[PDB]
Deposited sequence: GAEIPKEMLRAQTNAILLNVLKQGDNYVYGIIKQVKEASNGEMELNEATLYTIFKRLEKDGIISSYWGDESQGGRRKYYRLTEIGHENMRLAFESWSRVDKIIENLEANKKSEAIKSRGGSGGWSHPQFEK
């Protein structure tokens, strides 16, 4: 039927945060990086990126500075990405276990 918007938001947030984890960056450079990495699939909407960056700065997961407006990942952002990845690997294991128990 659809990919829920919450899940679209989550995918876009995940991608953007990994971009910033590689390095402080600015919007156009991120859109280029993601279009290139996506080999052209994903045209991010600049207004969408500005919106998400605004929410993240509000939540102190990223911060901004001038160079062109650059955005870098704060400590809260680094630790929260670590917790996200760890949590999700735990989830993937739970599901691997559900499969094994189903077979047994």
Note to self, deposited ranges with zero CA coordinates are 1, 69-75, 113-131
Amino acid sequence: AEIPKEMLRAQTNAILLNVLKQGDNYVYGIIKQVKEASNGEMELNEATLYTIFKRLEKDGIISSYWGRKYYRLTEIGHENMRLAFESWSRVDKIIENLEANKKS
From here on, numbers count along this sequence of modelled residues.
Going by the B-factors listed in the PDB entry, is the mean over the C-alpha atoms higher for 85-93 or for 19-27?
19-27
Would you check the entry's CA temperature factor for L49 and let me know if it's in the chain's lowest, middle or highest third?
lowest
